[PDB]
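Before any questions on binding or motion, here is one chain by itself as structure tokens, the form deposited in one PDB entry.
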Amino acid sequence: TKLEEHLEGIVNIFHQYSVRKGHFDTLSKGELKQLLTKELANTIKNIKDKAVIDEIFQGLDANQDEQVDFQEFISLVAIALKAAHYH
């Protein structure tokens, strides 16, 4: 269905970035920065700012292991959707 395609698209984008360095199924700080700056530039304010990126990663990394896993990444999608819906 159309909803299922969107969901699959989000998962695909997660991996677009997660496979690039280190573990294939988690985002490093560097991978997350790339994902945020290139994919959410029109969604989150000042995403180009280091401080902004840094607080987002910290907020997402709930077990503070320096990676953002898929379950943690769902939190970002929720932030992004709330922003998108305000549009």
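Residues that one form lacks are left out of the comparison. Between two forms, the rigid core is defined as the largest C-alpha subset superposing within 1.5 Å. We number the residues from 1 along the sequence you see.
Same protein, other form: the form deposited in another entry, not shown, and the subject of what follows.
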{"query": "Core-superposed C-alpha of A62 shifting 2 Å or more between this form and the one not shown", "finding": "yes"}
{"query": "Large Cα shift (2 Å or above) at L40 between this form and the one not shown, core-fitted", "finding": "no"}
{"query": "Cα-Cα trend for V68 and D54, given that in the other form the distance shifts by 3 Å or more", "finding": "farther"}
{"query": "Change in CA distance between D25 and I47 in the other form, which is 3 Å or more, as closer or farther", "finding": "farther"}
{"query": "Structural rearrangement between this form and the one not shown, runs of 3 or more with C-alpha shift of 2 angstroms or more, core superposed", "finding": "44-65"}
